[PDB]
Amino acid sequence: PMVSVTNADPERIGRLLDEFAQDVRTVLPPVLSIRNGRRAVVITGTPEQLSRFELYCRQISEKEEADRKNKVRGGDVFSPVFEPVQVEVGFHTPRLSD
Amino acid sequence: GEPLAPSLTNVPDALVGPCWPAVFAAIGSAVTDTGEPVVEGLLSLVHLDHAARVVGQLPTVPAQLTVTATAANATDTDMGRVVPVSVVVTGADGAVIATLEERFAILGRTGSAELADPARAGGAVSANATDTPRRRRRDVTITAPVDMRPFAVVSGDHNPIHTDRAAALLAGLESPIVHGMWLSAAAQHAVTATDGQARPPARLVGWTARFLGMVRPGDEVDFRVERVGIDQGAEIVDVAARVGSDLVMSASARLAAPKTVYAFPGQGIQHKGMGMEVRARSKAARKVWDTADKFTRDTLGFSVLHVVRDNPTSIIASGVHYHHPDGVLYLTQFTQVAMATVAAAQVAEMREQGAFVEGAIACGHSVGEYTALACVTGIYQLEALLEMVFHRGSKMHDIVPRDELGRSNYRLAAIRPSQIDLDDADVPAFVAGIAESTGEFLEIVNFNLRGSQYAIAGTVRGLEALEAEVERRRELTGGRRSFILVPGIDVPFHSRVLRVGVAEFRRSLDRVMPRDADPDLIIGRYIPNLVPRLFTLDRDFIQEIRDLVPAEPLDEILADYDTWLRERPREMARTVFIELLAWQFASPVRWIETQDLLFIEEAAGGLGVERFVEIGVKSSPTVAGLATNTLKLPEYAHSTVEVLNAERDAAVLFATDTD
Amino acid sequence: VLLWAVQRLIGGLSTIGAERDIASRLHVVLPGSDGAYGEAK
């Protein structure tokens with residue numbers, strides 16, 4: 001239930017997390033739970049929701065990579081690295097309020 | 001292990017928790033014929049078998065349910081003193097939630113009596129089942145826990161033989177043994193485990209298990225679940241747990257039939273010899289074939305069986321002759337009736353063999369809707385659908401002014417928005433803009449696939465403009481062949497030039513449609529093409545079908561419907577049904593929105609289906625392929641929806657496959 | 001040459017238009033020529 005996202009701006013990660021929460025199809029949104037570094041965070045949620053969020057992020061990454069490969073504005077490409085944490089339960093989540 | 005995951009629904013071995021004290025009290029108060037099996041051998045008591053039968057209701061909100069335990073008069077068999085106890089669970093409203101029958105065997109004292117076998121799969125078989133060949137489903141390796149106190153506290157039975165050592169020695173066992181019902185629930189989870197692959201989820205209705213051997217904690221038990229039979233679509237499955245090389249428990253399961261989708265294709269699949277193998281195979285297929293051909297020869301004036309079996313050049317009906325060079329089948333009404341009769345034959349063969357789900361919803365393409373209504377729902381019979389289809393096909397050709405040589409000024413083609421950067425937010429705008437630029441009439445008709453299948457119908461000059469734009473954008477972006485002209489047909493169906501014969505089609509339908517109708521047979525089971533929502537008895541539905549497309553006999557219901565619902569429910573239901581079916585003719589299809597509603601789970605809104613089997617020929621499975629690409633696209637790539645062809649995948653669909 | 005030939009001719013000529021166009025029912029005129037009239041009858 002914990003996935004570490006590196007090489008990404010935490011503010012941008014929160015923004016597209018809100019975007020991923022916006023659509024009706026997602027019944028529960030993953031929540032950014034900890035902030036390790038200036039470009040590293042860990043988000044906590046149901047593993048299916050984490051996989052769907054990785055799908056969304058990789059779609060955005062592929063769009064930006066295709067845009068750069070066509071010789072357009074190519075400053076940087078949003079290519080976060082997703083790595084699974086070695087916990088059993090998620091932590092720092094309001095869903096554990098009870 | 002890693003690949004499996006517990007099912008989203010509660011396994012039936014969850015209601016057994018709170019009812020343990022009642023069963024123990026029943027055991028304590030149980031009596032044989034002048035004798036009580038509570039004194040002599042309670043320490044030697046063991047769980048013999050467990051049978052679970054559930055009713056469709058299952059609590060989801062924390063409720064206050066009641067259980068009653070009745071202990072039958074214990075007998076004395078050749079293996080031990082068997083005491084059977086029946087427990088039923090009921091909600092606050094008194095409705096029965098589930099029925100459990102478990103027998104306990106006091107291993108010590110025996111007698112001379114017959115040990116009757118427990119009901120198979122909790123007695124959930126409806127006496128109409130076929131022993132299909134066994135198919136491998138899953139194998140699991142679950143290790144019994146070293147300590148069984150956690151299972152004792154979570155379940156509720158604190159029998160010391162499973163936990164204590166002194167009581168285990170007193171009972172005659174070297175070491176404590178695991179709960180048999182732990183094996184029961186482990187096998188249930190193994191049979192209802194979800195792997196994410198293409199297979200419908202398992203919701204057990206009836207489930208029985210017999211415990212043969214004894215398992216010590218820490219023993220590696222391995223299961224093996226095999227498909228056995230089918231019962232009205234729902235399949236019978238069994239599991240044989242084994243610890244090493246000896247059978248320990250043999251359980252059989254009757255799980256619920258998944259809610260499937262029966263899609264019916266549209267034009268373009270017809271060829272010589274449609275479903276003739278099915279005709280030669282089944283007897284119900286022959287029956288529907290004979291009824292259809294007799295009806296066609298008695299009312300229409302031609303033999304549909306000859307039309308499908310052989311492709312002549314021209315046939316003569318009651319009125320005049322019909323000619324088509326590459327085959328008389330390819331012309332409209334003959335193709336439509338061939339589609340209808342082939343779909344009916346396959347549906348009858350499926351439901352005669354027992355592979356048909358009763359509660360499955362019905363959907364299809366523009367003309368496959370009537371076939372769905374007749375076959376899946378049975379709102380009307382074969383003859384009525386055939387006559388209405390032939391009438392609408394005949395009425396279709398004489399509403400568009402055409403050339404004396406057969407030509408017309410309307411052609412359609414399939415535009416593919418691939419690499420041209422188009423989507424649902426731009427495609428209608430693209431069509432409108434290019435139509436204004438051309439100055440001709442252009443419309444959207446078929447919303448088939450989200451990515452690379454759209455249909456545009458319009459004038460020849462407009463279609464040439466479409467082709468030029470598509471080629472220029474293709475050469476701008478690279479070769480894709482995004483524009484393919486339709487072969488042969490030149491009638492702009494689902495357009496505004498088809499508002500002339502709508503009233504005549506409506507009156508023909510009213511003549512054909514029966515005076516009385518059953519709204520319940522169609523409510524919640526039918527997805528119309530023009531409005532992709534479920535058929536519902538709501539003011540919202542009638543408002544949508546009125547404001548989206550005009551209807552002069554509908555404004556009366558809009559003005560007042562509450563007291564009119566209290567007055568004529570059936571009449572107004574039939575009226576809205578026939579109105580929707582009639583204006584389907586001039587309305588474009590919404591296959592995209594129906595597929596979206598049909599593939600999104602119940603959570604977040606949408607019909608969450610498990611099987612999508614379309615009933616069409618194997619020569620060109622258009623609906624199956626388009627559904628496969630729709631599932632394949634990046635959105636809902638994790639959806640475990642099984643897509644099958646009723647002819648190509650017949651072995652899997654009828655469950656007559658092996659390995 | 002009279003009876004069997006024309007009867008099989010009737011069968012063959014009326015078989016072709018059977019499945020092609022129903023209610024298309026073939027018509028035959030039989031040449032009926034006292035003793036010769038008896039043979040014709």
# chains A, B, ... in the order shown; residues from 1 in each chain; ligands from 1
>>> residues_around(residues="region 1-18 of chain C", least_positions_apart="6", cutoff="9 Å", atoms="only C-alpha atoms", output="PyMOL selection string")
chain C and resi 24-28
>>> interface_residues(of="chain C", to="chain B", cutoff="9 Å", atoms="only C-alpha atoms", output="PyMOL selection string")
chain C and resi 19-24
>>> write_last_selection(atoms="C-alpha atoms", output="mmCIF file, in the first residue's frame")
data_model
loop_
_atom_site.group_PDB
_atom_site.id
_atom_site.type_symbol
_atom_site.label_atom_id
_atom_site.label_comp_id
_atom_site.auth_asym_id
_atom_site.auth_seq_id
_atom_site.Cartn_x
_atom_site.Cartn_y
_atom_site.Cartn_z
ATOM 1 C CA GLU C 19 -37.209 -22.616 -53.566
ATOM 2 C CA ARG C 20 -36.600 -19.583 -55.796
ATOM 3 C CA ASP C 21 -40.129 -18.115 -55.824
ATOM 4 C CA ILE C 22 -42.989 -19.694 -53.879
ATOM 5 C CA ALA C 23 -46.577 -19.466 -55.162
ATOM 6 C CA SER C 24 -45.100 -19.698 -58.684
#
>>> closest_atom_pairs(of="chain B", to="chain A", cutoff="8 Å", atoms="only C-alpha atoms", output="tab-separated table")
residue	atom	partner	partner_atom	distance
B:600	CA	A:25	CA	7.7
B:603	CA	A:27	CA	6.8
B:604	CA	A:25	CA	5.2
B:605	CA	A:25	CA	7.7
B:634	CA	A:55	CA	7.9
>>> residues_around(residues="residue 50 (chain A)", least_positions_apart="2", cutoff="9 Å", atoms="only C-alpha atoms", output="list in words")
residues 1, 2, 3, 29, 30, 43, 44, 45, 46, 47, 48, 52, 53, 54 and 55 of chain A
>>> write_last_selection(atoms="N, CA and C atoms", output="PDB file, in the first residue's frame")
ATOM      1  N   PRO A   1       0.796  -1.233   0.000  1.00  0.00           N
ATOM      2  CA  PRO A   1       0.000   0.000   0.000  1.00  0.00           C
ATOM      3  C   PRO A   1       0.825   1.277   0.000  1.00  0.00           C
ATOM      4  N   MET A   2       2.151   1.182   0.047  1.00  0.00           N
ATOM      5  CA  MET A   2       3.028   2.344   0.038  1.00  0.00           C
ATOM      6  C   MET A   2       3.943   2.278  -1.175  1.00  0.00           C
ATOM      7  N   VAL A   3       3.974   3.361  -1.948  1.00  0.00           N
ATOM      8  CA  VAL A   3       4.810   3.465  -3.136  1.00  0.00           C
ATOM      9  C   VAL A   3       5.588   4.770  -3.056  1.00  0.00           C
ATOM     10  N   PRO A  29      -9.281   8.080  -3.427  1.00  0.00           N
ATOM     11  CA  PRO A  29      -8.037   8.589  -4.000  1.00  0.00           C
ATOM     12  C   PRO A  29      -6.848   8.265  -3.117  1.00  0.00           C
ATOM     13  N   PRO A  30      -5.707   7.920  -3.709  1.00  0.00           N
ATOM     14  CA  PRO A  30      -4.481   7.800  -2.918  1.00  0.00           C
ATOM     15  C   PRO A  30      -4.055   9.158  -2.384  1.00  0.00           C
ATOM     16  N   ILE A  43       3.346   7.878  -1.444  1.00  0.00           N
ATOM     17  CA  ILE A  43       1.895   8.004  -1.447  1.00  0.00           C
ATOM     18  C   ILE A  43       1.290   6.680  -0.999  1.00  0.00           C
ATOM     19  N   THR A  44       0.207   6.761  -0.232  1.00  0.00           N
ATOM     20  CA  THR A  44      -0.379   5.607   0.439  1.00  0.00           C
ATOM     21  C   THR A  44      -1.820   5.426  -0.011  1.00  0.00           C
ATOM     22  N   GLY A  45      -2.188   4.187  -0.315  1.00  0.00           N
ATOM     23  CA  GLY A  45      -3.557   3.892  -0.689  1.00  0.00           C
ATOM     24  C   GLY A  45      -3.716   2.421  -1.003  1.00  0.00           C
ATOM     25  N   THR A  46      -4.900   2.080  -1.498  1.00  0.00           N
ATOM     26  CA  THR A  46      -5.156   0.718  -1.938  1.00  0.00           C
ATOM     27  C   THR A  46      -4.239   0.379  -3.112  1.00  0.00           C
ATOM     28  N   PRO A  47      -3.663  -0.828  -3.147  1.00  0.00           N
ATOM     29  CA  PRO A  47      -2.725  -1.154  -4.237  1.00  0.00           C
ATOM     30  C   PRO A  47      -3.318  -1.000  -5.627  1.00  0.00           C
ATOM     31  N   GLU A  48      -4.610  -1.286  -5.799  1.00  0.00           N
ATOM     32  CA  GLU A  48      -5.242  -1.068  -7.098  1.00  0.00           C
ATOM     33  C   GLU A  48      -5.244   0.410  -7.465  1.00  0.00           C
ATOM     34  N   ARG A  52      -3.409   2.271 -10.611  1.00  0.00           N
ATOM     35  CA  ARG A  52      -4.102   3.178 -11.523  1.00  0.00           C
ATOM     36  C   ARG A  52      -3.420   4.544 -11.572  1.00  0.00           C
ATOM     37  N   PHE A  53      -2.950   5.034 -10.423  1.00  0.00           N
ATOM     38  CA  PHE A  53      -2.225   6.300 -10.397  1.00  0.00           C
ATOM     39  C   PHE A  53      -0.914   6.197 -11.165  1.00  0.00           C
ATOM     40  N   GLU A  54      -0.232   5.055 -11.056  1.00  0.00           N
ATOM     41  CA  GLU A  54       0.963   4.834 -11.862  1.00  0.00           C
ATOM     42  C   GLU A  54       0.623   4.804 -13.349  1.00  0.00           C
ATOM     43  N   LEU A  55      -0.521   4.213 -13.705  1.00  0.00           N
ATOM     44  CA  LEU A  55      -0.982   4.240 -15.092  1.00  0.00           C
ATOM     45  C   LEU A  55      -1.147   5.673 -15.581  1.00  0.00           C
TER      46      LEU A  55
END
>>> atom_distance(atom1="CA of residue 59 (chain B)", atom2="CA of residue 192 (chain B)")
18.8 Å
>>> residues_around(residues="residue 511 (chain B)", least_positions_apart="6", cutoff="12 Å", atoms="only C-alpha atoms", output="list in words")
residues 384, 387, 388, 391, 504, 505 and 578 of chain B
>>> write_last_selection(atoms="N, CA and C atoms", output="short mmCIF file (atom, residue, chain, number, x, y, z; two decimals), in the first residue's frame")
data_model
loop_
_atom_site.label_atom_id
_atom_site.label_comp_id
_atom_site.auth_asym_id
_atom_site.auth_seq_id
_atom_site.Cartn_x
_atom_site.Cartn_y
_atom_site.Cartn_z
N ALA B 384 -43.49 -11.93 -34.78
CA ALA B 384 -43.70 -10.49 -34.71
C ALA B 384 -42.43 -9.74 -35.06
N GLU B 387 -41.76 -10.06 -38.90
CA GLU B 387 -42.64 -9.25 -39.72
C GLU B 387 -42.33 -7.76 -39.56
N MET B 388 -42.03 -7.31 -38.34
CA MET B 388 -41.70 -5.90 -38.15
C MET B 388 -40.37 -5.55 -38.80
N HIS B 391 -40.95 -5.38 -42.53
CA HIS B 391 -41.71 -4.18 -42.84
C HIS B 391 -40.83 -2.94 -42.79
N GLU B 504 -44.89 6.21 -40.20
CA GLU B 504 -45.40 4.99 -40.80
C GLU B 504 -44.82 3.76 -40.12
N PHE B 505 -43.53 3.80 -39.78
CA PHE B 505 -42.94 2.71 -39.01
C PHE B 505 -43.60 2.58 -37.64
N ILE B 578 -42.48 1.67 -27.60
CA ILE B 578 -42.65 1.72 -29.05
C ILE B 578 -42.13 3.03 -29.61
#
>>> atom_distance(atom1="CA of residue 452 (chain B)", atom2="CA of residue 527 (chain B)")
23.5 Å
>>> residues_around(residues="residue 32 (chain C)", least_positions_apart="4", cutoff="8 Å", atoms="only C-alpha atoms", output="VMD selection string")
chain C and resid 37 40 to 41
>>> write_last_selection(atoms="N, CA, C and O atoms", output="compact mmCIF listing (two decimals), in the first residue's frame")
# COMPACT_ATOMS: atom_id res chain seq x y z
N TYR C 37 -59.98 -41.32 -77.45
CA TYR C 37 -60.42 -40.50 -76.33
C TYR C 37 -60.36 -41.28 -75.02
O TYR C 37 -60.04 -40.71 -73.97
N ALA C 40 -56.76 -41.28 -74.04
CA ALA C 40 -56.44 -39.95 -73.52
C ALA C 40 -56.97 -39.78 -72.10
O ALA C 40 -56.29 -39.19 -71.25
N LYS C 41 -58.17 -40.28 -71.83
CA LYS C 41 -58.73 -40.19 -70.48
C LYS C 41 -57.93 -41.03 -69.50
O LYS C 41 -57.76 -40.65 -68.34
